[PDB]
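This report concerns only the one structure given below.
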Ligand SMILES: Nc1ncnc2c1ncn2[C@@H]1O[C@H](CSCC[C@H](N)C(=O)O)[C@@H](O)[C@H]1O
Ligand SMILES: [Zn+2]
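Chains as they are written, first to last, in our numbering: chain A, 1 to 54; chain B, 55 to 100; chain C, 101 to 223; chain D, 224 to 240; chain E, 241 to 648; chain F, 649 to 864; chain G, 865 to 1038; chain H, 1039 to 1287; chain I, 1288 to 1401; chain J, 1402 to 1605.
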């Protein structure tokens, strides 16, 4: 995930949850990411769009 | 598990009574595993 | 001396097997101590006043026997190996509960050989 | 113990079509 | 990738049983406006044998012997308690519900009894559908004089029992059970609508029992149930078993047959409900016109013997129609189509003559039920009862029309 | 070659971490010596962080119960004894609880010194009924397990809740080979894998001094 | 058989060679092994052997106890091994677990004794009701041979099966 | 060993299960026929022992309550290994005999003797002293204090056991345990030794073995048990045995 | 009763006072085969006579061997297959014939030593 | 025995092991006001009322009191008859009930609420009687003192009552160990008495 152009706040949340690679991020659903603190619904679309663009 | 808390001493007749109550309450498969664990505990403490 | 007695005890009852559920006997043994009652099957109803506290063909547990002691239960009629309608076999109700399994004794149990061992072994 | 108590029509009759 | 892709009952409802060895497998208790129910929480796949759905320990039940003498299993009434004298004064045949009601009220008064907790999930006096709670105006909506008179006798019998045994001179331990007649009437209503009668073996004693079984009295009735009750004598557990080989989908309601072979008027008298697909409901025909039983059964694919009719539009009402319609049969004599049309026409006229006896129709009753806002539970039950009978008679007219045409 | 791997991991809750680890291949008799040394290091040689003293400010009249607080003074001390902390502190520092009034006082309300962190924010401390101000000063220490109106708190320093080892032996003819398993339970202030690493380093630091030489 | 580092070891660091169950002594009532092991330890540390005629109590009461305790103390004093004679509990000493290094809670008697190296079933099965196991463990030649021996006494033993279906009698080939 | 298991040497097991080892070799094509399968057994080919473990699994044997059924496991050495609560060895051949051995003669459905219904496998000898020493609590009275008197508190049982592992307390040193269950402590049915009643409404009831804190203002009820880690260890062992079996089944 | 629909949710409205280190033990229970011991007792609770249960299991086991001879006698035992099937018929989940293997075996030729 | 049956909702119902004790309850939001002029005693769970024995002068006007019970736990292991019968049974057996007067009849939620330990009434289950406790005050200050500082100590089966200062509070361990030391000291001397050299020996 370090090589994805994620915002720093999003990056810290994923690392805090021990999500390190692209495959780890993919296997997480959209409800799981909301369970993480400081990561909300408004952050899903911008994260999906980066993965949509990738 | 609603086991009573013994707090005085466990001698030969006390453990025999407990096993019989465990058999009647939990059945023989549970008590057989309990016996193995209690047996191990007794050897280790001795 | 213990082995010779055990062989004779097993021999005299080796043929006794639980072969029927209920021989349909009417007689029972009257009793007026707790260990000789646990597991027995009742041969008649027991009343405290107008209330039936234990029914015919109901097996006696520890709770029921303590109730008979607490109240004025003078006579209890139970089914024993002495009441069964046969000497070549016994039924489930006249034998009563199994010691090794907690329930009523199962059909096909060789209870004669079990009785022979249970007396010979502590010799 | 365990020994107690002894232990073609509709074929070749289809529519020709 | 995974990144790019009826309310549940009170959680304490199952927990109070669960801490006392109640187990539910693949089902969940859900609550709606019409009451509690048991639904498959997942796809219950078929097996070679019946699957265990629920296990209810004996010690959480309230049971009494069906036949005299009255013994309680487990025995909760102390020796010498005056409640036994009240139970012992009942009619052995008719007053089984009074005996269970006395036990039920007595159980609520005991601090350690499970039904002290479980009683809070029982329907209240304004929520139980039993006709014992129905007012005289609710009985006016039944449009069935025979059922109304039966209910009035039931209410009279229940009330007179309370007045006789709960007078002013009784002890306080008796007064506090049923302080008012409505409290005792409610208890009898719970007893009638929730009692499960089974033959059980407890230890070495085999006997018939009237049983109040928690979490199993939440199963609704169906004449094509996907579950059945099974007593396990060895550990004294009531099993709810799904039918062997039958697949049950997620969300499907788990049901048992309360009363095999019983008509809706019997379901109304006992449980205060009726079904439009009751396969045993009957309609009084004159018998002047008869249809061909074999043709009617084969047209709708109804197979089996008359007492075990089943369907391979067709539902329990058509099966009931086969059993209640006037029929003839002459081994293998075929029916003349023109003579069968006269019978079908005459049977439909008699069916419409009976629909014209009701002031309203089935769909008018259905819209009345939707328009209700302050209706008692028994009022809606009374309307559903007469509406179901109209739906049954209307189903017969449709079935006869289909049968008359499929006979060509 | 000798290698280690984590075969099982689980997080039952915020304060219950489990981990199982494997070390293979080992020669006969080596697994027992490693398992014994690692277990002793895991249980008393790893430093944990705990609250060791509490001081109720505002002069609460030195009674066994406080007006507005549901729990007695002793119950508050027992609750403070159960709060799991982690830190890198050297020496001793002070924390502080300052709550305005009614509601639930939890570990979330503790003001922490720089390196100190809280593991379970929902851990309960006190229930306040009246809108009284409660001011409790805390003493926070980092210690090994084997090591003024302020109430002492008898803390047990054990970030590793439990540890066990077992040995499997395999053979093909005369060639023997044993495998070491190590199970670690932590209270969430440290992962089982991190506890494995610190126990190894602490053991190594204990035996380095025997290799020390002196200036001449 | 345990590695030497797993055995319990003494306060001089030496692991023991054998561990005997102490519960065997009171039931068998052979206290003489307790005297011998203590005196054997003293002799090894003192470079002495002892040849003692039986019934030394004829000289005085507790003659064996005096001999053993005095020799244990002399061994402890001469070799500077205080664990050999503990005034609190003579003959016993605290020893350590080789696995953990922790001492065992109570003092343990240690010594150097001289150790030598040396050179109804049918009814039970019927009681269990295992009829097919019993048949396997019995198997017929036992009965066929019985018939012939009875034939030598002008007796015939025929086995007949009566069919429950058609009531026809079959003579088994015995 | 478990109660239902026993250990057999290779030399004994290979003779008892030779027919099954031969079939296993032929079934998995490691031996062409019967004659070849015998030579590999004769020559101690290492593939034989892999097959022997497979065929022994799930196949009980009878050892001669004088005769019982156990599940055999291969052990190192040359001796038969039996569990402490227990020479002819019989291998059932037919499926009828194997069913009877597993379902009727195993050492866990016969826990009660038929004579009076007593348990058979009660711990004895070294097992019994270990429990006795473990549950022999603290010294009391004149054996605990030299003079007439005119202890640690643990939040949970795991902290008390952890302090014992760190050599902070002894096995029989008294302690107070915060109790968050119902009052299930077997004790003498006695009234409190002393009641300390504060003027603000809280009162402490001091019994011989536990302390109960109550109030006339709140509904609080706090229980502290005076026990030892030995009593805690014995209670935990049985409780964790019950919980472990439930989770595994 | 019927109010529009709005309805009274039933709750406990009453107090019921009746309302972590076993990983090594749980894994050992499965290793020694104690799980099937509890399953056998579970099946015998549904049986009136334990001797006919033994006969029925043996009869079903004989049918398995005739149907598929080569699949039994090694890692999969027919009697163990029958017991696991009958537990699964009740709706519970068990591995087939209770067969499990060591995942930490250091390759072929190595036997775990007890 | 009285000829009538009282209305039990006009009374405090106090349940003990061997009796139910009834004291008239004047209406009050806190339900802690007692009218001792009318009292009854009954066998447990019965409605046959009789006058209890009164062993001390009773209050004549209404007083506010806090109630606490005195007794023991009967933790047994009952026989296991039915399947899943409990392994233990834990019940509370109440032998005495203490009624402690609120100082100046203040309410529980009063910020100046304290208990008046000088006026305590004891209900005894064994004798079906009610009496006033005899209290010994050791706190310096006499009748006019800070009631917030005093501690009530109850011993001897609820028969000895002593008011001490809260700073003289004994550790619960000390209370337990005092009882054990006294009992074992007497038992040891009784054991040693039969040795014929007892009269020429010392305790140490
Ligand atoms: N098939 C059905 N249709 C309508 N009502 C039913 C029904 N089956 C059961 N009921 C209702 O459920 C009651 C039986 S007790 C069944 C559970 C109940 N619904 C409850 O919440 O407690 C009956 O009184 C009846 O009114
Ligand atoms: Zn008989």
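C-beta atoms are modelled at their ideal positions from N, C-alpha and C, and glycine is treated no differently.
query	result
Please tell me whether residue 504 of chain E and residue 521 of chain E are closer than 7 Å, where the distance is taken between their beta carbons.	yes
Quick one: does residue 527 of chain E have its CB under 7 Å from some CB of chain C?	no
Taking C-beta pairs closer than 7 Å, name the residues in chain I that residue 81 of chain B reaches, listed in chain order.	1328
Counting only C-beta atoms, is residue 1182 of chain H closer than 7 Å to chain G at any point?	no
Tell me whether residue 1502 of chain J sits in a helix, a strand or coil according to DSSP, three-state version.	strand
Could you spell out where the beta strand (DSSP E) holding residue 1457 of chain J opens and where it closes?	Where residue 1457 of chain J is concerned, there is no enclosing beta strand (DSSP E), given that its DSSP letter is neither H nor E.
Quick check: the Cα distance between residue 539 of chain E and residue 551 of chain E, rounded to an integer number of angstroms?	11 Å
Whose C-beta lies closer than 8 Å to the C-beta of residue 1601 of chain J among residues of the same chain, with five residues either side of it excluded?	none
Counting only the same chain and skipping the five closest in sequence on each side, list residues whose C-beta sits under 8 Å from that of residue 289 of chain E.	484
Please tell me whether, using a cut-off of 6 Å, the distance from the CB of residue 511 of chain E to the nearest non-hydrogen atom of ligand 1 is below it.	yes
Give me the chain F residues within the contact set of residue 963 of chain G, using Cβ-Cβ distance strictly less than 9 Å, ordered along the chain.	680 and 684
Which residue wins for smallest C-alpha separation from residue 1192 of chain H, given the options H:1186, H:1159 and H:1263?	H:1263
How long is the line joining the alpha carbons of residue 763 of chain F and residue 793 of chain F, rounded to whole angstroms?	20 Å
Fully enclosed by the region 927-992 of chain G, which alpha helix (DSSP H) runs are 4 residues long or longer?	927-943 and 985-992
Report the residue from E:279, E:335, E:516 and E:318 whose alpha carbon sits nearest the alpha carbon of residue 399 of chain E.	E:335
Closest to residue 649 of chain E by C-alpha separation, out of E:516, E:629 and E:614, would be which residue?	No answer is possible for residue 649 of chain E: it lies beyond the span of chain E, which begins at 241 and ends at 648.
Leaving out the 5 sequence neighbours to the left and right, which residues in its chain are closer than 6 Å to residue 1099 of chain H when beta-carbon positions are compared?	1110, 1127 and 1129
If you run the structure through DSSP and keep just helix, strand and coil, what is residue 494 of chain E?	coil
DSSP state of residue 1242 of chain H, grouped into three classes?	strand
Since residue 1559 of chain J and residue 1497 of chain J are thought to touch, with beta carbons under 8 Å apart, how far apart are those beta carbons, to the nearest angstrom?	4 Å
Quick one, are the C-beta atoms of residue 219 of chain C and residue 118 of chain C less than 7 Å apart?	no
Could you work out which residues of chain J lie near residue 162 of chain C, taking near to mean beta carbons separated by less than 7 Å?	1480 and 1482
Cutting at 6 Å between CB atoms, please list the residues of its own chain near residue 1520 of chain J, excluding the five before and the five after it.	1502
Heavy atom of ligand 2 less than 6 Å from the Cβ of residue 125 of chain C, yes or no?	yes
For residue 60 of chain B, tell me which candidate among H:1086, H:1273, H:1087 and H:1184 has the shortest Cα-Cα distance.	H:1273
For residue 457 of chain E and residue 466 of chain E, I'd like the C-alpha separation in whole angstroms.	15 Å
Are at least three pairs of beta-carbons, each pair with one atom in the region 1148-1164 of chain H and one in the region 1176-1189 of chain H, less than 8 Å apart?	no
Need the endpoints of the beta strand (DSSP E) that residue 1109 of chain H sits in, please.	1106-1112
The beta strand (DSSP E) with residue 896 of chain G in it runs from where to where?	Not the beta strand (DSSP E): residue 896 of chain G falls in the alpha helix (DSSP H), residues 896-910.
What three-state label does DSSP hand residue 477 of chain E in the structure shown?	strand
Just the Cα atoms here: how many angstroms apart are residue 716 of chain E and residue 989 of chain G?	In this structure chain E extends from 241 to 648, so residue 716 of chain E is not present and cannot be described.
In whole angstroms, give me the CA-to-CA distance for residue 524 of chain E and residue 577 of chain E.	25 Å
Just the C-alpha distance for residue 402 of chain E and residue 357 of chain E, rounded to the nearest angstrom, thanks.	25 Å
Between the region 1130-1147 of chain H and the region 1362-1372 of chain I, do at least 3 Cβ pairs fall closer than 8 Å?	yes
Hey, would you say residue 592 of chain E sits closer than 7 Å to residue 383 of chain E, going by beta carbons?	no
Report back the beta-carbon spacing between residue 1231 of chain H and residue 1244 of chain H to the nearest angstrom; my notes put them in contact at under 8 Å.	5 Å
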